[PDB]
Protein chains: 2
Amino acid sequence: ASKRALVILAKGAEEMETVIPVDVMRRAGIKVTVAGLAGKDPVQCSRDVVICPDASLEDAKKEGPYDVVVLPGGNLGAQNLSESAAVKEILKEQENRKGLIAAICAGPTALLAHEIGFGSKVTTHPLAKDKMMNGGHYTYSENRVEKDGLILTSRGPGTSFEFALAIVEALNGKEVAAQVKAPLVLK
Amino acid sequence: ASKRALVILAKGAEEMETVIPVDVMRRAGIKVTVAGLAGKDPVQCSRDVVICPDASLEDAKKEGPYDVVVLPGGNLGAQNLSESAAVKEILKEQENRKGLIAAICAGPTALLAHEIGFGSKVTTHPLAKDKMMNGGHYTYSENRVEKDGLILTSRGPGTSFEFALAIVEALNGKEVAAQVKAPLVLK
Ligand SMILES: [Cl-]
Ligand SMILES: [Cl-]
């Protein structure tokens, strides 16, 4: 049975942080659903790349639950995720079932907004640190990828491969991650 | 006057190799046109990410010429680029005007197909080397990014940031590339 990933795509998401994990997870044989926060219509990302989601979030939620829920960054994408009652419900359900939650760059600030994973060690983009740390509800890390309790976080576009391969290792194991990694020509 | 980039997007293109250069070039203030080989309609990439191009290639060609023409990889994307008379005409015009041509992963095999840049030092994805080298028309390199004459090449998804920043440096200079690079959290 293949593992399943939900990637929540909002207006202003960082397109690299969306596409790198989608693609790498699919390389790992993970069934990935790219779900549009706002509906089924195409999504204008932070640098104007337009991505057509596989489904609305409304519809994707009905086919849950998922082995991982993935929150890309992009400041305005993260803010949209943070404002969504639907996202809150998805993340709470995922936390309650002890499922993996993964977030990158400004993405982890939606965890704060939704009161998810408090007490965990987390990283973010450096410019998102102060936001994430408001109230001291997490312990901050400068690791390029951090993983504590249910919560897997990472820092930026340049850490997206490392983040995606961490998700792969958590779901499908270290051997699959290594096999996926080799053809990518990573440094 | 901002520099201008044409990124040619074909069915089966590697989505990471498409989105990383688009996004990084836009960060550098380059005006990027994502042009659909087949028309204006959305493009299904190699790992099923669907990207809506800015324009058809037909239309984008009319607004040329461009400071760089960019060929993503993906085997089936590259094959589609290699079969296109429109791409051939674009690359020949770009070569004739001594403009930059950039290609990544299997992308450089379209240069071979279209008889572009013979005699140049080039790199490709390792699995695309034998294709690229058929006839010995180029000199092969294992550098992660290679640049010789008009021709800038690179190896894979994992070299895409390095490739994009090389394009940025060629167009906008080393200082802009360094400024763009810092917030990406590259290794
Ligand atoms: Cl952003
Ligand atoms: Cl491919």
# chains A, B, ... in the order shown; residues from 1 in each chain; ligands from 1
call {"tool": "residues_near_ligand", "arguments": {"ligand": "ligand 2", "cutoff": "7 Å", "atoms": "only C-alpha atoms and all ligand atoms", "output": "number ranges by chain"}}
result
B: 14, 46, 74-76
call {"tool": "write_last_selection", "arguments": {"atoms": "C-alpha atoms", "output": "JSON list (two decimals), in the first residue's frame"}}
result
[["chain", "number", "residue", "atom", "x", "y", "z"],
["B", 14, "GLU", "CA", 11.00, 18.20, -15.45],
["B", 46, "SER", "CA", 7.15, 14.66, -15.95],
["B", 74, "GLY", "CA", 12.90, 15.78, -18.45],
["B", 75, "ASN", "CA", 13.52, 13.12, -21.10],
["B", 76, "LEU", "CA", 10.12, 13.36, -22.75]]
call {"tool": "interface_residues", "arguments": {"of": "chain A", "to": "chain B", "cutoff": "6 Å", "atoms": "only C-alpha atoms", "output": "list in words"}}
result
residues 16, 20, 23, 47, 50, 51, 52, 156, 157, 158, 184, 185 and 186 of chain A
call {"tool": "select_by_dssp", "arguments": {"residues": "chain A", "states": "strand (DSSP E or B)", "output": "ChimeraX atom specification"}}
result
/A:4-9,31-36,43-44,50-52,55-56,68-71,100-104,121-122,139-140,145-148,151-154
call {"tool": "write_last_selection", "arguments": {"atoms": "N, CA, C and O atoms", "output": "short mmCIF file (atom, residue, chain, number, x, y, z; two decimals), in the first residue's frame"}}
result
data_model
loop_
_atom_site.label_atom_id
_atom_site.label_comp_id
_atom_site.auth_asym_id
_atom_site.auth_seq_id
_atom_site.Cartn_x
_atom_site.Cartn_y
_atom_site.Cartn_z
N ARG A 4 0.64 8.12 1.26
CA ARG A 4 -0.12 9.19 0.65
C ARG A 4 0.24 10.51 1.30
O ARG A 4 0.36 10.60 2.51
N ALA A 5 0.36 11.53 0.48
CA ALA A 5 0.76 12.87 0.92
C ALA A 5 -0.26 13.89 0.45
O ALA A 5 -0.70 13.86 -0.71
N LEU A 6 -0.61 14.80 1.35
CA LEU A 6 -1.44 15.96 1.02
C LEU A 6 -0.58 17.21 1.04
O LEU A 6 0.03 17.54 2.07
N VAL A 7 -0.49 17.90 -0.10
CA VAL A 7 0.28 19.15 -0.19
C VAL A 7 -0.73 20.28 -0.42
O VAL A 7 -1.50 20.29 -1.39
N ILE A 8 -0.81 21.20 0.54
CA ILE A 8 -1.85 22.23 0.51
C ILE A 8 -1.30 23.47 -0.18
O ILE A 8 -0.30 24.09 0.32
N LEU A 9 -1.93 23.84 -1.26
CA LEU A 9 -1.43 24.89 -2.16
C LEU A 9 -2.35 26.11 -2.12
O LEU A 9 -3.50 26.06 -2.58
N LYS A 31 1.83 8.54 -3.25
CA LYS A 31 0.69 9.14 -3.95
C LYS A 31 0.41 10.50 -3.41
O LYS A 31 0.01 10.63 -2.25
N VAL A 32 0.69 11.53 -4.21
CA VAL A 32 0.65 12.93 -3.77
C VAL A 32 -0.60 13.60 -4.35
O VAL A 32 -0.88 13.49 -5.55
N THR A 33 -1.35 14.24 -3.47
CA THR A 33 -2.45 15.07 -3.88
C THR A 33 -2.09 16.53 -3.63
O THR A 33 -1.92 16.98 -2.46
N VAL A 34 -2.02 17.30 -4.72
CA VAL A 34 -1.82 18.75 -4.64
C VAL A 34 -3.21 19.37 -4.55
O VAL A 34 -4.01 19.31 -5.49
N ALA A 35 -3.53 19.92 -3.38
CA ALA A 35 -4.89 20.37 -3.09
C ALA A 35 -4.96 21.89 -2.97
O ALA A 35 -4.21 22.48 -2.16
N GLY A 36 -5.86 22.51 -3.73
CA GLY A 36 -5.98 23.95 -3.76
C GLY A 36 -6.79 24.43 -2.58
O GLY A 36 -7.94 24.05 -2.39
N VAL A 43 -3.56 28.10 -9.22
CA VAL A 43 -3.03 28.86 -8.09
C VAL A 43 -1.83 29.70 -8.57
O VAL A 43 -0.88 29.14 -9.12
N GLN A 44 -1.91 30.99 -8.33
CA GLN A 44 -0.79 31.89 -8.63
C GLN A 44 0.20 31.92 -7.46
O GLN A 44 -0.07 32.44 -6.39
N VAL A 50 2.08 29.45 -12.22
CA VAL A 50 0.65 29.07 -12.01
C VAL A 50 0.54 27.56 -12.07
O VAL A 50 0.89 26.95 -13.07
N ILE A 51 0.11 26.97 -10.96
CA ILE A 51 0.03 25.53 -10.85
C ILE A 51 -1.45 25.12 -10.72
O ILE A 51 -2.19 25.74 -9.97
N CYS A 52 -1.85 24.11 -11.50
CA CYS A 52 -3.23 23.59 -11.44
C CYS A 52 -3.26 22.47 -10.40
O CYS A 52 -2.63 21.42 -10.57
N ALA A 55 -6.91 18.70 -7.02
CA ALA A 55 -8.23 18.70 -6.41
C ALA A 55 -8.35 19.93 -5.52
O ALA A 55 -7.34 20.51 -5.17
N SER A 56 -9.57 20.34 -5.21
CA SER A 56 -9.76 21.28 -4.07
C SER A 56 -9.40 20.63 -2.75
O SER A 56 -9.49 19.42 -2.59
N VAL A 68 1.28 12.07 5.38
CA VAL A 68 1.93 13.36 5.66
C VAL A 68 1.05 14.46 5.12
O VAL A 68 0.43 14.35 4.04
N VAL A 69 0.98 15.55 5.89
CA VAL A 69 0.43 16.79 5.41
C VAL A 69 1.55 17.77 5.28
O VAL A 69 2.36 17.95 6.23
N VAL A 70 1.69 18.35 4.09
CA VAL A 70 2.83 19.23 3.72
C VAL A 70 2.36 20.66 3.48
O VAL A 70 1.45 20.93 2.66
N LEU A 71 3.01 21.59 4.20
CA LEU A 71 2.78 23.00 4.09
C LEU A 71 4.01 23.70 3.44
O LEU A 71 5.06 23.88 4.10
N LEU A 100 2.48 12.44 10.47
CA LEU A 100 3.51 13.40 10.13
C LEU A 100 2.95 14.69 9.58
O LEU A 100 2.07 14.71 8.70
N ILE A 101 3.51 15.78 10.08
CA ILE A 101 3.24 17.10 9.57
C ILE A 101 4.56 17.75 9.16
O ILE A 101 5.51 17.77 9.98
N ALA A 102 4.62 18.23 7.94
CA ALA A 102 5.87 18.79 7.37
C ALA A 102 5.65 20.19 6.86
O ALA A 102 4.69 20.47 6.13
N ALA A 103 6.54 21.11 7.20
CA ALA A 103 6.39 22.50 6.80
C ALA A 103 7.73 23.16 6.57
O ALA A 103 8.67 22.92 7.31
N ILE A 104 7.83 23.99 5.55
CA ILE A 104 9.10 24.63 5.13
C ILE A 104 9.01 26.13 4.97
O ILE A 104 7.95 26.67 4.62
N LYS A 121 10.85 21.07 18.81
CA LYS A 121 11.95 21.74 18.13
C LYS A 121 11.61 21.94 16.66
O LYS A 121 11.19 21.00 15.98
N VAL A 122 11.82 23.17 16.18
CA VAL A 122 11.45 23.55 14.82
C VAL A 122 12.50 24.46 14.22
O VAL A 122 13.18 25.18 14.92
N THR A 139 10.90 25.32 20.36
CA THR A 139 12.31 25.56 20.57
C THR A 139 12.96 25.69 19.21
O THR A 139 12.75 24.87 18.33
N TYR A 140 13.72 26.76 19.01
CA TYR A 140 14.20 27.04 17.63
C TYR A 140 15.50 26.27 17.34
O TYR A 140 16.36 26.06 18.23
N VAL A 145 17.18 20.83 8.12
CA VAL A 145 15.94 20.09 8.35
C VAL A 145 15.93 19.71 9.83
O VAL A 145 16.92 19.24 10.37
N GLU A 146 14.80 19.90 10.49
CA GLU A 146 14.59 19.52 11.87
C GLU A 146 13.39 18.59 11.99
O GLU A 146 12.44 18.69 11.25
N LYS A 147 13.47 17.63 12.88
CA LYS A 147 12.35 16.71 13.06
C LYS A 147 12.25 16.41 14.52
O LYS A 147 13.22 15.94 15.14
N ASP A 148 11.09 16.68 15.13
CA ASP A 148 10.83 16.47 16.60
C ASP A 148 9.31 16.18 16.83
O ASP A 148 8.47 16.92 16.33
N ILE A 151 6.65 16.52 13.91
CA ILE A 151 6.78 17.79 13.23
C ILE A 151 8.12 17.86 12.52
O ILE A 151 9.17 17.84 13.18
N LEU A 152 8.06 17.95 11.19
CA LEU A 152 9.27 18.00 10.37
C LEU A 152 9.30 19.36 9.70
O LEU A 152 8.37 19.76 8.97
N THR A 153 10.39 20.11 9.92
CA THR A 153 10.44 21.46 9.39
C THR A 153 11.75 21.69 8.61
O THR A 153 12.74 20.96 8.77
N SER A 154 11.75 22.75 7.83
CA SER A 154 12.96 23.07 7.08
C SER A 154 12.96 24.55 6.72
O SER A 154 11.99 25.28 6.98
#
call {"tool": "residues_around", "arguments": {"residues": "residue 173 of chain A", "least_positions_apart": "6", "cutoff": "12 Å", "atoms": "only C-alpha atoms", "output": "PDB file with N, CA and C atoms, in the first residue's frame"}}
result
ATOM      1  N   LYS A   3       2.128   4.942   0.446  1.00  0.00           N
ATOM      2  CA  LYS A   3       1.902   6.054   1.363  1.00  0.00           C
ATOM      3  C   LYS A   3       1.311   7.215   0.548  1.00  0.00           C
ATOM      4  N   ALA A  28       9.511   8.805  -5.175  1.00  0.00           N
ATOM      5  CA  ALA A  28       9.542   7.796  -4.129  1.00  0.00           C
ATOM      6  C   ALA A  28       8.330   6.884  -4.133  1.00  0.00           C
ATOM      7  N   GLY A  29       7.459   7.071  -5.114  1.00  0.00           N
ATOM      8  CA  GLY A  29       6.247   6.227  -5.236  1.00  0.00           C
ATOM      9  C   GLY A  29       5.131   6.605  -4.242  1.00  0.00           C
ATOM     10  N   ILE A  30       5.251   7.755  -3.626  1.00  0.00           N
ATOM     11  CA  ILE A  30       4.223   8.283  -2.738  1.00  0.00           C
ATOM     12  C   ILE A  30       3.093   8.804  -3.633  1.00  0.00           C
ATOM     13  N   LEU A 165      13.435  14.743   0.904  1.00  0.00           N
ATOM     14  CA  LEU A 165      14.045  13.452   1.136  1.00  0.00           C
ATOM     15  C   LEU A 165      13.872  12.995   2.589  1.00  0.00           C
ATOM     16  N   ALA A 166      13.789  13.951   3.508  1.00  0.00           N
ATOM     17  CA  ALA A 166      13.450  13.619   4.890  1.00  0.00           C
ATOM     18  C   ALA A 166      12.023  13.034   5.012  1.00  0.00           C
ATOM     19  N   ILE A 167      11.090  13.630   4.292  1.00  0.00           N
ATOM     20  CA  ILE A 167       9.708  13.121   4.240  1.00  0.00           C
ATOM     21  C   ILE A 167       9.744  11.668   3.676  1.00  0.00           C
ATOM     22  N   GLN A 179      17.925   5.848  -2.842  1.00  0.00           N
ATOM     23  CA  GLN A 179      17.729   5.520  -4.250  1.00  0.00           C
ATOM     24  C   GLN A 179      17.136   6.697  -5.048  1.00  0.00           C
ATOM     25  N   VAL A 180      16.196   7.408  -4.460  1.00  0.00           N
ATOM     26  CA  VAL A 180      15.580   8.568  -5.092  1.00  0.00           C
ATOM     27  C   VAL A 180      16.604   9.682  -5.256  1.00  0.00           C
TER      28      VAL A 180
END
call {"tool": "closest_residue", "arguments": {"among": "A:174, A:137, A:114, A:88", "to": "residue 61 of chain A", "atoms": "only C-alpha atoms"}}
result
A:88
call {"tool": "closest_residue", "arguments": {"among": "A:39, A:134, A:168, A:106", "to": "ligand 1", "atoms": "only C-alpha atoms and all ligand atoms"}}
result
A:106
call {"tool": "residues_around", "arguments": {"residues": "residue 77 of chain B", "least_positions_apart": "4", "cutoff": "7 Å", "atoms": "only C-alpha atoms", "output": "JSON, numbers by chain"}}
result
{"B": [10, 11, 12, 13, 73, 81]}
call {"tool": "closest_residue", "arguments": {"among": "A:110, A:86, A:128, A:116", "to": "ligand 1", "atoms": "only C-alpha atoms and all ligand atoms"}}
result
A:128
call {"tool": "closest_residue", "arguments": {"among": "B:95, B:115, B:175, B:162", "to": "residue 150 of chain B", "atoms": "only C-alpha atoms"}}
result
B:95
call {"tool": "atom_distance", "arguments": {"atom1": "atom CA of residue 60 of chain A", "atom2": "atom CA of residue 169 of chain A"}}
result
23.8 Å
call {"tool": "closest_residue", "arguments": {"among": "A:72, A:111, A:2, A:132", "to": "ligand 1", "atoms": "only C-alpha atoms and all ligand atoms"}}
result
A:72
call {"tool": "atom_distance", "arguments": {"atom1": "atom CA of residue 82 of chain B", "atom2": "atom CA of residue 109 of chain B"}}
result
7.3 Å
call {"tool": "select_by_dssp", "arguments": {"residues": "chain B", "states": "alpha helix (DSSP H)", "output": "PyMOL selection string"}}
result
chain B and resi 15-27+57-62+75-82+85-96+109-113+129-132+160-172+174-181
call {"tool": "residues_around", "arguments": {"residues": "residue 135 of chain A", "least_positions_apart": "3", "cutoff": "12 Å", "atoms": "only C-alpha atoms", "output": "list in words"}}
result
residues 112, 113, 115, 118, 119, 129, 130, 131, 132, 138 and 139 of chain A
call {"tool": "write_last_selection", "arguments": {"atoms": "N, CA and C atoms", "output": "short mmCIF file (atom, residue, chain, number, x, y, z; two decimals), in the first residue's frame"}}
result
data_model
loop_
_atom_site.label_atom_id
_atom_site.label_comp_id
_atom_site.auth_asym_id
_atom_site.auth_seq_id
_atom_site.Cartn_x
_atom_site.Cartn_y
_atom_site.Cartn_z
N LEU A 112 2.01 27.47 14.17
CA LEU A 112 1.80 28.35 15.29
C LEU A 112 0.36 28.87 15.31
N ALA A 113 -0.10 29.35 14.15
CA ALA A 113 -1.43 29.94 14.02
C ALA A 113 -2.51 28.96 14.48
N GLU A 115 -2.00 26.31 16.50
CA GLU A 115 -1.64 25.72 17.80
C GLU A 115 -1.25 24.26 17.68
N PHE A 118 3.03 22.34 19.68
CA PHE A 118 3.75 23.15 20.68
C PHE A 118 4.69 22.25 21.48
N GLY A 119 5.88 22.78 21.81
CA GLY A 119 6.87 22.07 22.57
C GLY A 119 7.90 21.42 21.66
N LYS A 129 11.73 33.46 11.81
CA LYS A 129 12.02 33.00 13.15
C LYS A 129 11.23 33.77 14.19
N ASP A 130 11.28 35.11 14.13
CA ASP A 130 10.64 35.88 15.18
C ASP A 130 9.13 35.61 15.24
N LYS A 131 8.51 35.50 14.07
CA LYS A 131 7.07 35.13 14.00
C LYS A 131 6.80 33.80 14.65
N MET A 132 7.60 32.80 14.29
CA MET A 132 7.41 31.44 14.76
C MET A 132 7.58 31.35 16.29
N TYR A 138 7.71 26.93 20.80
CA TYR A 138 8.58 25.97 20.17
C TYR A 138 10.00 26.28 20.60
N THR A 139 10.90 25.32 20.36
CA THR A 139 12.31 25.56 20.57
C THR A 139 12.96 25.69 19.21
#
call {"tool": "closest_residue", "arguments": {"among": "A:170, A:178, A:38, A:78", "to": "ligand 1", "atoms": "only C-alpha atoms and all ligand atoms"}}
result
A:78
call {"tool": "decode", "arguments": {"residues": "segment 115-155 of chain B", "atoms": "C-alpha atoms", "output": "tab-separated table (two decimals), in the first residue's frame"}}
result
chain	number	residue	atom	x	y	z
B	115	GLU	CA	22.69	21.44	-34.50
B	116	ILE	CA	23.28	24.23	-31.98
B	117	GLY	CA	26.64	25.19	-30.43
B	118	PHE	CA	28.72	22.37	-31.93
B	119	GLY	CA	32.30	22.48	-30.63
B	120	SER	CA	31.20	23.72	-27.19
B	121	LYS	CA	32.04	22.12	-23.89
B	122	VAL	CA	28.79	20.84	-22.36
B	123	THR	CA	27.43	18.84	-19.48
B	124	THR	CA	24.19	16.89	-19.15
B	125	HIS	CA	22.57	14.49	-16.81
B	126	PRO	CA	24.84	11.47	-16.60
B	127	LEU	CA	22.16	9.27	-18.24
B	128	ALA	CA	21.95	11.71	-21.19
B	129	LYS	CA	25.68	11.76	-21.91
B	130	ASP	CA	25.74	9.07	-24.58
B	131	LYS	CA	22.86	10.75	-26.46
B	132	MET	CA	24.50	14.16	-26.28
B	133	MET	CA	27.85	12.76	-27.41
B	134	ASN	CA	26.61	10.87	-30.49
B	135	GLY	CA	28.99	12.01	-33.25
B	136	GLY	CA	31.38	13.76	-30.90
B	137	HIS	CA	30.03	17.21	-31.73
B	138	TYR	CA	30.60	18.58	-28.22
B	139	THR	CA	33.24	18.07	-25.58
B	140	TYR	CA	31.80	16.53	-22.43
B	141	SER	CA	32.24	17.98	-18.94
B	142	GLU	CA	31.31	16.65	-15.50
B	143	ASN	CA	31.09	20.14	-13.99
B	144	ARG	CA	27.76	20.77	-12.25
B	145	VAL	CA	27.35	23.87	-14.44
B	146	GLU	CA	29.36	24.34	-17.64
B	147	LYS	CA	29.58	27.44	-19.81
B	148	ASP	CA	31.41	27.63	-23.20
B	149	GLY	CA	30.77	30.06	-26.14
B	150	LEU	CA	27.06	30.81	-26.06
B	151	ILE	CA	26.10	27.66	-24.29
B	152	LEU	CA	25.35	27.20	-20.59
B	153	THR	CA	24.52	23.69	-19.45
B	154	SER	CA	23.90	21.81	-16.24
B	155	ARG	CA	23.22	18.30	-14.95
